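What follows is a single structure, written as structure tokens, with notes after it.
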Amino acid sequence: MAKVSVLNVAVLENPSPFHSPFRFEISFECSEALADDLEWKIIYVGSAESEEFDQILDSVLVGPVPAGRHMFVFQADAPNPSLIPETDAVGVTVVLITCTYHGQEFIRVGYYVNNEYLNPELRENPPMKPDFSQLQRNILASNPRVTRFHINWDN
Amino acid sequence: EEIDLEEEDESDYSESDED
Amino acid sequence: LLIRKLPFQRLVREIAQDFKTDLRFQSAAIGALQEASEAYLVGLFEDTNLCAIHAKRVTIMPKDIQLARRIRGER
Amino acid sequence: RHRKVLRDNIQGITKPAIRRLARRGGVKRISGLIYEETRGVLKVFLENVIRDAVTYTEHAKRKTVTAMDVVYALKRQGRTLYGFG
């Protein structure tokens, strides 16, 4: 049995400008208590083709974890556009929420993110160099992908 | 290019150059 | 069973030969690998359809497959 | 001294199979590159599961791999769900 279950993730303040932070409201349940920390991450996929352009937006340590229900606001700053390939900048990518216990990730909640110009002039002819100040970031929060992994919980 | 999928012979191996 | 058996069995046996396992596969085992491969790939294509729709695209691209893959945390 | 190099273009799944699986997933249109993408990812999948299975048959000593071994190894993969719980 898994000692931690993620009951809900709420995507807050979306759509938002690209440079706005990610705010997730994470509610999880602890069945039996944990001595050491859970580790939550917000991973951002900056290029679909490679993990090299993965950006870790924030990482938080939560522990010790008593049994019962928890809710907290995980917030991370927007990704660094200098690390995003320009060909992957305007379009779809994914953002991820991750939890880790004893070094092994037991849950990954993904979301499809669409970065887009709202300006009709920029929709017509986008700049050669992507303009992130005019980019709206739309997370698709109605289709989260929740992936559970098998993990050693003992000690 | 794009392939329209709505109901629209490939041997096992092939050979090209580069030696 | 939508995947033709001969090329699939060939590929599976080649993969086994890279791992140098030298252990014969049960015919029903390779069949199970085929069925699971079909289910896997179909679910993948559902995810790619969703990804392309969110990208304002009818045509699905290799990027959609890669994103559908990383959203599940595989290699 | 002039050589043409061998290449496997089926890579375990044919084109009509790929297109059919894409239609069963609701995809109405694809780029041709999808083919070489699918043939790639399929390999990875098998490459994982085979390993997951063989070590199974390696830890419990056997000379052959049962379909039960690959069902076990398949459950040793991750389970992605469309919602929470």
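Residues displayed in chain C correspond, in order, to Swiss-Prot positions 61-135.
The way this entry was determined, per its header, is X-ray crystallography, 3.0 Å.
Note that Cβ sites are derived from N, Cα and C of the backbone, with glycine treated the same way.
Feature annotation from Swiss-Prot assigns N6-methyllysine to C:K65, C:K80, C:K123. Taken from Swiss-Prot, the feature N6-(2-hydroxyisobutyryl)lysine covers C:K65 (among others), and the record attributes it to experimental evidence. What Swiss-Prot records for C:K80, C:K116, C:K123 is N6-acetyllysine. According to Swiss-Prot, the feature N6-succinyllysine maps to C:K80, C:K123, an assignment based on experimental evidence. If you look up Swiss-Prot, you'll see C:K80, C:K123 marked as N6-(beta-hydroxybutyryl)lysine. According to Swiss-Prot, the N6-glutaryllysine annotation covers C:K116 (among others), on the basis of experimental evidence.
In the three-state DSSP scheme, C:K65 (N6-methyllysine) falls into the helix class. The modified residues examined here are C:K65, C:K80, C:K116, C:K123; by Cβ neighbour count within 10 Å, the least packed of them is C:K80. Among the modified residues C:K65, C:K80, C:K123, the ones whose Cβ sits under 8 Å from a Cβ of chain A are, in sequence order, C:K123.
Here the Cα atom of C:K80 (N6-methyllysine) is found 33 Å from that of C:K123 (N6-(beta-hydroxybutyryl)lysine). The distance from the Cα of C:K123 (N6-(beta-hydroxybutyryl)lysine) to the Cα of C:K116 (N6-acetyllysine) comes to 14 Å.
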